[PDB]
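Before any comments, here is the structure.
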Amino acid sequence: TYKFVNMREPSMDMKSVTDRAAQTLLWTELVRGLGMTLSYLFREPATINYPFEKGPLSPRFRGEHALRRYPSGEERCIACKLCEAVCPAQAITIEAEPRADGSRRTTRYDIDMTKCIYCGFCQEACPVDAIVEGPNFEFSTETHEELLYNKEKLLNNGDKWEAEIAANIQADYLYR
Amino acid sequence: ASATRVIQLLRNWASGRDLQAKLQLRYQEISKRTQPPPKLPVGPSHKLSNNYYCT
Amino acid sequence: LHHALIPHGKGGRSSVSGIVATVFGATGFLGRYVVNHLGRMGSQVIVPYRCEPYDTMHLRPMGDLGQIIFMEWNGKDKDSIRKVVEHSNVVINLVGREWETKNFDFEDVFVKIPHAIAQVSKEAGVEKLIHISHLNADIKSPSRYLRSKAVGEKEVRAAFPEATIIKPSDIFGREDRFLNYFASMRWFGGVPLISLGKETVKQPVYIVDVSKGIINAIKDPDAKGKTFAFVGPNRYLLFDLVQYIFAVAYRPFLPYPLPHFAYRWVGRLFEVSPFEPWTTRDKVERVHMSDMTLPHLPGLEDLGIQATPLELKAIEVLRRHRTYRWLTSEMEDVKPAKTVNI
Amino acid sequence: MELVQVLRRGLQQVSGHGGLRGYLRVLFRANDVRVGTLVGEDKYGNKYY
Amino acid sequence: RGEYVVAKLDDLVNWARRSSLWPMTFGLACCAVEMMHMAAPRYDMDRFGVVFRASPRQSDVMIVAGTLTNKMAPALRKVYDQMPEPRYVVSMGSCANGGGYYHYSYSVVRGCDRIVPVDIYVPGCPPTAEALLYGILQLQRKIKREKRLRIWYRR
Amino acid sequence: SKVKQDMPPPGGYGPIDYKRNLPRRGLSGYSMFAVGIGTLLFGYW
Amino acid sequence: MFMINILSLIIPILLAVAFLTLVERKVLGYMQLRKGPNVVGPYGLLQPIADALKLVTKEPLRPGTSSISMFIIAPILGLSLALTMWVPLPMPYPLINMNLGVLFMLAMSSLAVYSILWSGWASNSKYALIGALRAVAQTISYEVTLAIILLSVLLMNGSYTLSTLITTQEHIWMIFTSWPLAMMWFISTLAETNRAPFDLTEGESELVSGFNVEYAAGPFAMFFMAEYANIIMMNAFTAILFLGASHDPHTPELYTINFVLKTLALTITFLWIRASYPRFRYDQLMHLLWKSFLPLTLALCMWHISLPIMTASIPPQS
Ligand SMILES: COC1=C(OC)C(=O)C(C/C=C(\C)CC/C=C(\C)CC/C=C(/C)CC/C=C(/C)CC/C=C(\C)CC/C=C(\C)CC/C=C(\C)CC/C=C(\C)CC/C=C(\C)CCC=C(C)C)=C(C)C1=O
Ligand SMILES: NC(=O)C1=CN([C@@H]2O[C@H](COP(=O)(O)OP(=O)(O)OC[C@H]3O[C@@H](n4cnc5c(N)ncnc54)[C@H](OP(=O)(O)O)[C@@H]3O)[C@@H](O)[C@H]2O)C=CC1
Ligand code: SF4
Ligand code: SF4
Ligand code: SF4
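Residue numbers (the entry's author numbering), protein chains in the order written: chain 1I, 1 to 176; chain 1r, 1 to 55; chain 1P, 1 to 342; chain 1q, 1 to 49; chain 1B, 25 to 179; chain 1Z, 4 to 48; chain 1H, 1 to 318.
In structure tokens, the structure reads:
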């Protein structure tokens, strides 16, 4: 099924030629273009008053990363290195070691936020929902080094955006 | 921020069509952002028998 | 060496050189180059600054991430100097000013500030302090720039014994205020050479040569306590040197002879400007004064470097000053001027 | 019939924002003048409408 | 007082600077598409005084949006050196920040920093058009805290 | 309970138009010229 | 009391273009569903001042291949020509009652193009010379229609004095007797001032610059303020020439209010068409005038030489 987009032949009767001539001299399609720009002038602009009116997002939004912890308080990451193994840009570096108490966690968990592609593959691979991408997207910085997060900064994010990340996965865990 | 009828007549005539019917801005017809939890179905192979991977 | 200071790599940006420099006044002519040379080898340079952070932006893309650290310091504050030099291997002094600011005269910035830097560095426990002073540093020269420099280097020597002291003759480079200063004199009618500049003898030294000279001094183990003197290979008479500048710049030459006392007056007239002064009386004395040869002090060559003649790197500075009629002229069109025996 | 209502609605905003002084405060610091119901208040002082 | 006079004068200049930033679009990769959405009426970059203007002789800030390929690296430096220089550089996206996805490639420089000095860094892949608006807002704050006249008065 | 996923309404969504909706407006050719000439005649007088 | 008069014209003129740049974006934005500047001051009422102050404090620089003298004088040519041209405009009573006011504005407006290519030629840039050569033949070809359109309309005046338009269209607007010439007059004004059905002089899409190629804070501000001032007038000249207004000799304020309103409405239309049409290619804009505007231009001229004679309506010379 195809349609011929431009195969219209104008009529040669005395009426049609005059209308085309009237269109030519008395610019009409130009007025129609003008007339519609006036229509948009009186309409309702769609601009949102940033930062007083932030844009609409979804619970699945991928932003700044953070390591969450169990309700008890102990971290969720058990250093399985799934997130590091599946990271498409190799932005994850992990070093683990037996903790003093037994059950062992990472001693180094660095995310290179200038090498990250924010694909979210880390939060899917994680079998304990430890590493997640938080809702924040306003962590722009003045220096390149401030982007290169390590375990401490990421753990701080987990203790800062927990009130929001907990609700997001609460609304989205059933889909996954 | 739905405008005065005087503008609506002028705005409609300037464009040549009824603009109040279909608008570029979503007022309330959007779906609520807090939706009830879903119940995802299962795949055809979610069977307890006669579901050997070799087949 | 500390466990974290052992050199590593192949000298690139990510290579660990092993020297923690603290280049003072790096937001300037030599400060730009010395940071760069330290930046290439991968050295954590603690650059202190008192100017606007914007004026230090050009310094940022010269080292790997986390290498170049910017700190706020004030000249008349021991605490600021201590803060910047507390963790350092080498401290480089490059504070200087060709004019006397309202809050800072030649005494303040060439003796007082180097005194505080040297004294605090010894208390901090740094290894090497590289202090820079003019080659023409002298206690009796009327130009307070040379007079202040001579007092400062002696004082720095007293406070810091094993502090290498560099005595460059006159740097020339992209922003040198030496070749640019003479090239900028076209606006003021003709060039008013003092006594036609037939007696002043100068030995300009390339800026890059000085920069690599400082870096070689840092890695050299014998630089402790020595007093180097950086001079260019050739030695030029003032009139012929200005001839080479204006010939390379292809600008008209008007050798105006002007009496010394009159020149001191016009230097006073240009001194009144609150902003960056075009020239001062002390500047007039400096260009009028010659660069005495000091063979006893070790030269630039002793720091495993070869000097670069001005006639080799002349178009670098004066290509900008050329108009469109001569913006595309070659390098060898103008031959070197008269070379008085060195 | 609607212009007079529009002016009254526009005039109502000065009473909505705590008088004229508050009106310039929002205009000069928030770039809007629209009034809206207060949905809540947080601990740091941000007013959500 | 002289310091007070220089204080108000500096604020007047800094206000005139931060209230008019004219980006010189270096649209390179998918980071540029999101930036145009900032120019789209949803966020309306123009409303903040900041409006897109070509001819780097008539622009104030660079917005590096996309990967910086080694072949074009001289072009980035040349168009950076030609800006009348109260000037700032905004890096959009992980690729422009430090290489991002192509950090390990043979023909992508690991970050736009190695060519030009970089002001505020905008992380993302791509950073949403709202995130860039926050970035430009951060530069306006940075311009607000400039003491150019105060430093000159205390030189 | 039973499976619950995003689904179309039981009767299906309403029609969604796609064809061109360019309207025809304005007087015919002769009428435009006539009023254009008529204005000149009155203006001339 | 003449320096006060002149400075009562220069300052309002420069302030008119000053906030025309605000009513540009704030109108352009609203026509493209944006909102325009509303951050700097209330409703953007301070944005141009922020723009202007920046454009007199950010580093200016002459090009390395420039011609200094011609590079500097071109902004002088643009700004002085724009200001001096408002002089004989007959807002109730004109500032300078030239006997040949129409011919004066034609002559100097034909001079405002020496700025554009003296800037282009001295800049020594490939895009500069292209834009300069685009603009010159653009304006002069559009100037032939400009001269004849003015003459044909003014044949009912009886003179070139700008004050007599008030008397000429006392009862009837001039457009009702010369509307065919009014259409090409408006198009030519869009073309001499380089607005954007024919903004090819700038040519930002294909020439990035051309109004001001390497021109910087100061000189760029001039070449902008020298063409936005022409925007306001070329509609003030259109308003005074075609859409007359009642002028009571005892209360000129009513005429000034009416005259300003017509210029404001016309200026909006200049901004209105600017965001409703594509860009004319060079040969097209030349073909439109040399092959379609000029044949109608001469024909309607011959009509307006004969028309007063056949109707015995020769206007008074005095
Ligand atoms: C393709 O298409 C394109 C266009 O369009 C077709 C375009 O538009 C544009 C333009 C782009 C845009 C519109 C986009 C957005 C960009 C902007 C808005 C840029 C803004 C630019 C500006 C220049 C800002 C303008 C804004 C303002 C507020 C200007 C304000 C003006 C001033 C501050 C100055 C006002 C004047 C003053 C103060 C005059 C003072 C005068 C006096 C005191 C008196 C002087 C005179 C005397 C004293 C006389 C007496 C003296 C004597 C006699 C001396 C005698 C001496 C002797 C020696 C004898 C582009 C690029 C384009 O691509
Ligand atoms: N031919 C020559 O010029 C020679 C010079 N030298 C010495 O080299 C040094 C640097 O020269 P150069 O780079 O050309 O000089 P510049 O004037 O270009 O730079 C001087 C540097 O010192 C800083 N500085 C100066 N005075 C003060 C002060 N009072 N408080 C804080 N910082 C200050 C400047 O900061 P800021 O930029 O903010 O002003 C800048 O970083 C000087 O000691 C000079 O005497 C040695 C041999 C030859
Ligand atoms: S979202 Fe970032 S950190 Fe996570 S897997 Fe993808 S690239 Fe790696
Ligand atoms: S995937 Fe989760 S549990 Fe595994 S190493 Fe990464 S953060 Fe730790
Ligand atoms: S950071 Fe991501 S979005 Fe931006 S250019 Fe690179 S791959 Fe594209």
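Even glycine gets a Cβ: it sits at the ideal position worked out from N, Cα and C.
Who pairs with residue i in a beta bridge, going by DSSP?
i               : result
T93 (chain 1I)  : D110 (chain 1I)
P56 (chain 1I)  : Bridge partners of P56 (chain 1I): none, in fact.
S115 (chain 1B) : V88 (chain 1B) and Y145 (chain 1B)
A66 (chain 1I)  : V132 (chain 1I)
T328 (chain 1P) : According to DSSP, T328 (chain 1P) bridges with nothing at all.
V191 (chain 1P) : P255 (chain 1P)
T93 (chain 1B)  : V132 (chain 1B)
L129 (chain 1P) : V91 (chain 1P)
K202 (chain 1P) : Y236 (chain 1P)
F50 (chain 1B)  : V88 (chain 1B)
Quick check: the Cα distance between residue i and residue j, rounded to an integer number of angstroms?
i               : j               : result
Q243 (chain 1P) : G232 (chain 1P) : 18 Å
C55 (chain 1B)  : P135 (chain 1I) : 20 Å
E153 (chain 1P) : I113 (chain 1P) : 11 Å
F19 (chain 1H)  : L45 (chain 1H)  : 8 Å
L157 (chain 1B) : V272 (chain 1P) : 46 Å
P255 (chain 1P) : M289 (chain 1P) : 18 Å
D143 (chain 1B) : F198 (chain 1H) : 38 Å
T56 (chain 1P)  : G31 (chain 1P)  : 11 Å
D64 (chain 1P)  : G16 (chain 1q)  : 55 Å
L238 (chain 1P) : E100 (chain 1P) : 26 Å
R66 (chain 1B)  : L181 (chain 1H) : 42 Å
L289 (chain 1H) : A132 (chain 1H) : 19 Å
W121 (chain 1H) : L77 (chain 1H)  : 14 Å
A245 (chain 1H) : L264 (chain 1H) : 14 Å
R34 (chain 1H)  : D209 (chain 1P) : 57 Å
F211 (chain 1H) : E2 (chain 1q)   : 46 Å
Comparing alpha-carbon positions, which option in the options lies nearest residue i?
i               : options                                                               : result
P127 (chain 1I) : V5 (chain 1I), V86 (chain 1I) and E146 (chain 1I)                     : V86 (chain 1I)
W173 (chain 1H) : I76 (chain 1H), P88 (chain 1H) and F242 (chain 1H)                    : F242 (chain 1H)
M1 (chain 1H)   : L95 (chain 1H), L14 (chain 1H) and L254 (chain 1H)                    : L95 (chain 1H)
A128 (chain 1H) : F176 (chain 1H), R274 (chain 1H), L111 (chain 1H) and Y215 (chain 1H) : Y215 (chain 1H)
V334 (chain 1P) : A247 (chain 1P), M292 (chain 1P) and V191 (chain 1P)                  : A247 (chain 1P)
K226 (chain 1P) : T22 (chain 1P), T164 (chain 1P) and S329 (chain 1P)                   : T164 (chain 1P)
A74 (chain 1H)  : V27 (chain 1H), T65 (chain 1H), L111 (chain 1H) and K58 (chain 1H)    : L111 (chain 1H)
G117 (chain 1B) : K15 (chain 1I), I94 (chain 1I) and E138 (chain 1I)                    : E138 (chain 1I)
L100 (chain 1B) : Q82 (chain 1B), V140 (chain 1B) and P110 (chain 1B)                   : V140 (chain 1B)
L303 (chain 1P) : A223 (chain 1P), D138 (chain 1P), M331 (chain 1P) and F172 (chain 1P) : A223 (chain 1P)
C51 (chain 1P)  : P277 (chain 1P), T27 (chain 1P), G39 (chain 1P) and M62 (chain 1P)    : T27 (chain 1P)
Taking all protein chains shown into account, do 16 or more other C-beta atoms lie within 10 angstroms of the C-beta of residue i, making it buried, or fewer, making it exposed?
i               : result
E152 (chain 1I) : exposed
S152 (chain 1H) : buried
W161 (chain 1I) : buried
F224 (chain 1H) : buried
State the CB to CB distance for the pair residue i and residue j, rounded to an integer number of angstroms; the pair is presumed to be in contact (CB under 8 Å).
i               : j               : result
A120 (chain 1B) : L92 (chain 1B)  : 6 Å
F259 (chain 1H) : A275 (chain 1H) : Their Cβ separation, rounded to whole angstroms, is 26 Å, which puts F259 (chain 1H) and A275 (chain 1H) out of contact at 8 Å.
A82 (chain 1H)  : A229 (chain 1H) : 4 Å
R144 (chain 1P) : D282 (chain 1P) : 6 Å
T339 (chain 1P) : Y206 (chain 1P) : About 16 Å; that fails the 8 Å criterion.
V102 (chain 1H) : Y160 (chain 1H) : 4 Å
Residues around ligand 7, please: the condition is that the C-beta lies closer than 6 Å to some non-hydrogen atom of it. Summarising the ligand content, the structure contains ligand 1, ligand 2, ligand 3, ligand 4 and ligand 5 and does not contain ligand 7.
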